[PDB]
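Comments concern the structure below.
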Amino acid sequence: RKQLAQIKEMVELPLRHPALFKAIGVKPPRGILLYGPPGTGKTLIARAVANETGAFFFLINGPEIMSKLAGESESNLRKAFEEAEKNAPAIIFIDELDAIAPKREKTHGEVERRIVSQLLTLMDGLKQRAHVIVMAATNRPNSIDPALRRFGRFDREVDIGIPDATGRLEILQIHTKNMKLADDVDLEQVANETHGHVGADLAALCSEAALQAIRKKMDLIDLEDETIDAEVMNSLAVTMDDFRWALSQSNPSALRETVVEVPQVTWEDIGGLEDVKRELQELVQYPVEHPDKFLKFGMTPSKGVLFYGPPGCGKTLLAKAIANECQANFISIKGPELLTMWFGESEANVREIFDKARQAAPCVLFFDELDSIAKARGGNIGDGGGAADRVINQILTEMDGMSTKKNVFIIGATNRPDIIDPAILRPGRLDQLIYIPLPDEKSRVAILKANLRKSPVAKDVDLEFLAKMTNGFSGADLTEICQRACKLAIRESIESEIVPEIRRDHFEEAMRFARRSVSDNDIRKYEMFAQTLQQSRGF
Amino acid sequence: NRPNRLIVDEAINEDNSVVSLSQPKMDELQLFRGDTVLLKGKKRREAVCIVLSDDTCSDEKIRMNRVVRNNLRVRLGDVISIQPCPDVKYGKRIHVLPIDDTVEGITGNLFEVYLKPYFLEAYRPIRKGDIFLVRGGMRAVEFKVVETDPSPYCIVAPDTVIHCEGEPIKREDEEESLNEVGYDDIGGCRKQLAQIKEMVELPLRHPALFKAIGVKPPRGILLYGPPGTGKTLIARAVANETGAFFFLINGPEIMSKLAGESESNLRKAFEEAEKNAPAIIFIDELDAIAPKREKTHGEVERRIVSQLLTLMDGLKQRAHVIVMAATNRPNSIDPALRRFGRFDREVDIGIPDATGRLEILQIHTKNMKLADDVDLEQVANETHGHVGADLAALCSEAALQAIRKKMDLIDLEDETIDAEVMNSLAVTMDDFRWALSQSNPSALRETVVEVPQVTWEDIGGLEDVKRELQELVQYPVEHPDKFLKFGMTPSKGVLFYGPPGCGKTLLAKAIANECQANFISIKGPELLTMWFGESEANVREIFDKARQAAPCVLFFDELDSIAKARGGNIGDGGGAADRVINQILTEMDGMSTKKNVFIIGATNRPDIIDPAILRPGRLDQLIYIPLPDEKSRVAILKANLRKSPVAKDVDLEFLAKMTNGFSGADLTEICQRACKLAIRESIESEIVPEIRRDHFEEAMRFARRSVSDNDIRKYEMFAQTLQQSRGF
Amino acid sequence: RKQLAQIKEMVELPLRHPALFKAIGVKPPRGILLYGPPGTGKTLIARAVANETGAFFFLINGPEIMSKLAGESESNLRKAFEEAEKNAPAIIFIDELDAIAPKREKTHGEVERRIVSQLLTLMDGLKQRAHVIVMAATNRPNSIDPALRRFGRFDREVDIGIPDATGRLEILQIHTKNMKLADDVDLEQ
Ligand SMILES: Cc1cc2c(C(N)=O)cccc2n1-c1nc2c(c(NCc3ccccc3)n1)COCC2
Ligand SMILES: Cc1cc2c(C(N)=O)cccc2n1-c1nc2c(c(NCc3ccccc3)n1)COCC2
Ligand SMILES: Nc1ncnc2c1ncn2[C@@H]1O[C@H](COP(=O)(O)OP(=O)(O)OP(O)(O)=S)[C@@H](O)[C@H]1O
Ligand SMILES: Nc1ncnc2c1ncn2[C@@H]1O[C@H](COP(=O)(O)OP(=O)(O)OP(O)(O)=S)[C@@H](O)[C@H]1O
Ligand SMILES: Nc1ncnc2c1ncn2[C@@H]1O[C@H](COP(=O)(O)OP(=O)(O)OP(O)(O)=S)[C@@H](O)[C@H]1O
Ligand SMILES: [Mg+2]
Ligand SMILES: [Mg+2]
Ligand SMILES: [Mg+2]
């Protein structure tokens, strides 16, 4: 939705008013570069915006250029540009570009850099003259010739990520609108258990689910005829088990990367921690929702917040809770995934993970368990020197190039804040330090009312009573208690088959098998860094 | 709607023309057990068969064998009409003559050995124009009738005389030979075949049905499996047994010709399929067609890659055409071809297990009649890494050994061979024994997909962990209705820990077979030898095989091997983390909770593994394997000698009564020593063959302890206090 | 000695009885791959087993294929296979193969993988039809295209190592038989 409107801002404005641009000095768009993983819809949206404007549209994807003999491939591309000039206004769209201009460490073949030079010539000479726009699409950032990303050829780029749950909701109906659904069927719950599906994945899933429904009646009906009657087409309708069996197959097996979703946790949804709820807003909410402030008094807002404390305190959720109330998206970067993408002595994939948070403004970036990088360099005892890395210096240098007026907010999280370099803790990258203490009574009662929201828990139990005994337990312990109680209740529910509700004794058994996620000595270690922390800066 | 139409499906019985049905259809058409049934098809032809009764079957379908499928010209996915015919028929005179197209090299009388055993205990009627295939003499030959008694009135009875003439007739174009591959010529891959049966014949037998509906039919299907799995055989069968056109281009004939016409040949191979719709396209090898990877050598070879991408990208609906390709390894296909719309659906065909390998022997030795003392059961149990090609080569060379064993002394030098000695030949025990002792089993070994055969009664003891493993595996497999009414979510990972030699691999297998799931065993050192240095690139594909083979239970045997290489005993200055551990712990988090894939880890020193995989959401439940108790100690002894003639003088419970502080390795090695000493005195007495009490008595005294005592209390001090180690 | 008898088990059996294999279902051998260090005798034994059977034998080693101009090298190999079909039974022997199909980390040159694809085509299409066997020899295991070691092309391999003392005894006399030796001379020590 966000990616479409800003195309609506740069395509139809310089097309529906050709003579308006001829008098004004504003240079219209020429080149638009597309992004996104394969199957995102790089072709569908281009075809829609090229066919629903009335202007001419010409299609050349990539391979038909390299499929023909040498010599005429360049001529075809050259004529495809002059044919668009005469019938102005026109538009040009290129489906895949990564296999067209691989002017990188490959540099194989004489004829293939010829077409790269040909396209560079055909775009470099594009003065105003007529009203023509070329557009290209690709799958990864490190696949476009850097000579094409210069100003005047490809200076404006849009990143289209994997849709979230509410983004994936509309994709189901925009393809199943001709499929009338029964009363007991809804598309809401089925689009909630998935988190990495794109339009192509959902289209394939619905197609095969419909095939399953077709065969479920063709196996017993056995109607062998050429033409089919409409008296049975209308009676057919997909059921619950079809969408259940569709996802249990191998079609969800796809590629997973940084997903852009919006959180759904707000102030009433959580409880307690009034001492840090009062403070996080002071440094996030106001310099987002109050543009008039923060420049009359001078000064400048922060960019970075480092979260620290006992493990299992729910730092990721605490960071999400503030990002959704400022009308910003959220990208979750957990520790080990930034380590598995490191390989050895070659990553070359850092600069592009920050731009997605920039095009999707406003956005709140989160680094979950940043302590993973220090794990690999040196842990526990450590090496002879500092725990610095070529992946840490490159990100701490990258976060300093941004202007203070951008709304991008980076948030770090760690669990052992004594081994991280003060280099990122410098006054100007990570200024404010915020401590996450153990959950109090108001949060302990809330976590229990939240982790069983979809269970038929009887009213015989008391929610406040559990938090009354539970004092020295962390979020992991509070969750695993409920997990154990539900696990024992679900066993007796099946055993009675040889009524299905959770009773007080079910929580009572889970009470006795409780353990402590954290010890005691590490606690006072954590709140001795809280009051005296500015002393560690610089030394 | 005339409820008599039945859907055609292949039969499972390995015999002559016998059609199986269900029980409601038995009483619906008022037909008895043994009766003459009438079958009607298209092209105005009549065929007869026998209805067989079955109860353990599917809901509603017929079982249509290939012998009369060619007789009635009916393929898979068509319709068949059945009706009773209570007509009394008696056979007196039948005339049959072979065709001179396949009788080369056969001399002598062929009616007293190929027609006598085939007719007795059959009572199978015949019609005019029936094409039935018989077996015998290392080959299969079909018969055809030209003139006989007026059809029908033909029943096999001993009172029917025969007489040969000695003049074959020329075969016409009305029928086809049965020597080609059919749907019944493939065995070993059963799950992989049915889901192809779900995506090939459905969008082909109903072309106009898809034109009205909005469901997009399949276009590209990518095959997998090690070489020799059968990537060509199944494709040829599914392309030839559907009636649609099939065109073959493997890979090398494209690159063998001169530059310029190779692309033209591929371009014309696609337009020739459009006009004669419906058609199908199959590509034998693809890894050598599109190597758009670190190779990128040669100008003309990426030209054909772009040509094929162009020819598949432009494939709109139009006609009903499907392209299929096969390969040998996952890291050999151009990633540009695996996009949505070209290759989005993939099937993994692994090495068949023992019961999978059983059928491959007979589907190639059916023409080889075997003696009484020979069976194919035991010979397919000692092997674990053979595919169809390996077994075919093994049987071919075993037959050659049998041929030479009589050609060395018979010395019959003649052009044509007689059938009087072909029938007398039969392979023996020593042939299959000597076949495997040669170098033909030397092949490539990888992850094999087998089903365990150990259940609750097969093992004993450990009631405290049998009671618990089921609570977290069995119910959220066999009870789909649960685990969402109460909310919550099932687990994915279980980590096994304790003294070495406790049988953790077997304990993990015991639960996987009772939930109707396959099993893949990943032992420690094999995932280390595939690591090399700074380059593995082979992790992402080892998890998808457990996903396509749902349900499946994955097992990591001795995960502690990875920590061994990074740092052991003392350890390094930091954590024992690795780029092979982070990439798998990140991969196991991308999966949805509703998948039925279950990963199980096993270790022996659970104090040096990173808590990163022990996070609450990857490895939540921790299960301890204690020392075997009395009930398991008696069971292991009754299990490890199941194939030995142990006398009744010994007592099974008595041994477990002395044995208290011994582990599974010790319990096994005691029996190994007892058998080893008994087998020596058995041979020494030759200068009776049963195990006596003293044989176990000597093994009793030479017993050792696999584990010490101090490590024990170390193991059960982590059992009660383990949640404290999470996070620190 | 051991390596020879098992060739005696797979060459003359499917050649001296052509019509016997036509009636039975046993698939005769097609491809036989040789091994051994250079000078082991990969050519001598092939010539002996091809000349002492009466069947036709055609020789193409390796380099004459790559020595000629581009375009006719493939035609020569193609015609060398059809010339053997008409005069059945026949046999085909290739002297060196490591320099014919280097489909490995080398992958240099356009025309040289062309002949690899040509030979793969000419062997892949070999159904029963006549009684023809192709044989090839090499010097090291990591020099054959893995695509050629598949089932049906090269699935049976023999390793011929360096002969031992008693193995080396006979080699002296099989070449010095025309050299009459004195009384005080012996080839044992
Ligand atoms: C499933 C869940 C697990 C978990 C864990 C854990 N160690 O697994 C830790 C913290 C919160 C957790 N939650 C959780 N999840 C949510 C909420 C919520 N309550 C408020 C809260 C969160 C963090 C802090 C204080 C209080 N708690 C609120 O609703 C949305 C999701
Ligand atoms: C050959 C064999 C060796 C072995 C060993 C070993 N250190 O070699 C350890 C554990 C079981 C072993 N088995 C074994 N194998 C089997 C069974 C069985 N008994 C039940 C059992 C298994 C593990 C645990 C408890 C009890 N034991 C059961 O039948 C199938 C195979
Ligand atoms: N965002 C989307 N919304 C709706 N349908 C979509 C979307 N993306 C893809 N589809 C469907 O998927 C089909 C194929 O889309 P593709 O063009 O293959 O996707 P893509 O992003 O262009 O990546 P390629 O072209 O496959 S490399 C389209 O015809 C649509 O039916
Ligand atoms: N699963 C199988 N069942 C029965 N026979 C098989 C099977 N797989 C292979 N065969 C036999 O082996 C012969 C050769 O099969 P291949 O096509 O070579 O196997 P493949 O899996 O296609 O790998 P290639 O083509 O050799 S790279 C077939 O003609 C069959 O006789
Ligand atoms: N095993 C052997 N027994 C007897 N003479 C041999 C043997 N091997 C080689 N020779 C002799 O050596 C000569 C040359 O043999 P070669 O063909 O060169 O050996 P090779 O094993 O084929 O390796 P190449 O062809 O040189 S790469 C033959 O003509 C024989 O005279
Ligand atoms: Mg597209
Ligand atoms: Mg094949
Ligand atoms: Mg030589």
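Chain B is numbered as in Swiss-Prot; shown residues: 21-707, 728-768, in order.
Looks like electron microscopy, 3.8 Å, at least that's what the header says.
Here the Cβ of each residue, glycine as well, is placed from N, Cα and C on the backbone.
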Among B:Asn285, B:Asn348, B:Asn351, the candidate listed by Swiss-Prot alongside B:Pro247, B:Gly248, B:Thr249, B:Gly250, B:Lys251, B:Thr252, B:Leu253, B:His384 for ATP 1 is B:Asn348
According to Swiss-Prot, which residue among B:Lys81, B:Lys315 is annotated as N6,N6,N6-trimethyllysine?
-> B:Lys315
Quick one: which of B:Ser37, B:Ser42, B:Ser276 has phosphoserine in Swiss-Prot?
-> B:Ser37
What is the maximum Cα to Cα distance, in Å and rounded to a whole number, among the residues B:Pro247, B:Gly248, B:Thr249, B:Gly250, B:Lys251, B:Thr252, B:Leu253, B:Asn348, B:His384 annotated as binding ATP 1?
-> 24
With every protein chain in view, how many other Cβ atoms are within 10 Å of the Cβ of B:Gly523 (ATP 2 binding site)?
-> 20
A Cβ under 8 Å from chain A is found, among the recorded positions B:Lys251, B:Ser462, B:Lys502, B:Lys505, B:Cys522, for B:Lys502, B:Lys505
Listed recorded positions: B:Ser37, B:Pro247, B:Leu253, B:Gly521. Which have a CB under 6 angstroms from an atom of ligand 7?
-> none
B:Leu253 (ATP 1 binding site) falls, by three-state DSSP, under helix
8 Å Cβ shell about B:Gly521, B:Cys522, B:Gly523, B:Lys524, B:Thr525, B:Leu526 centroid, ATP 2 site members excluded | B:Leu527, B:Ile645, B:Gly684
Look at each of the recorded positions, B:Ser37, B:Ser462, B:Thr525, B:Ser702, and point out the one with the fewest other Cβ atoms around it within 10 Å.
-> B:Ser462
Any idea what the Cα distance is from B:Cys522 (ATP 2 binding site) over to B:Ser702 (phosphoserine), rounded to a whole Å?
-> 32
Closest of the recorded positions to B:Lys315 (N6,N6,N6-trimethyllysine), Cα to Cα, picking from B:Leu253, B:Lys524, B:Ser702?
-> B:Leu253
Annotated binding-site residues B:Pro247, B:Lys251, B:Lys524, filtered by Cβ under 6 Å to ligand 4 | B:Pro247, B:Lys251
Find the shortest Cα-Cα separation between B:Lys754 (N6-acetyllysine) and the binding-site residues B:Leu253, B:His384, B:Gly521, B:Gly523, B:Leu526, and name the residue that gives it.
-> B:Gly521
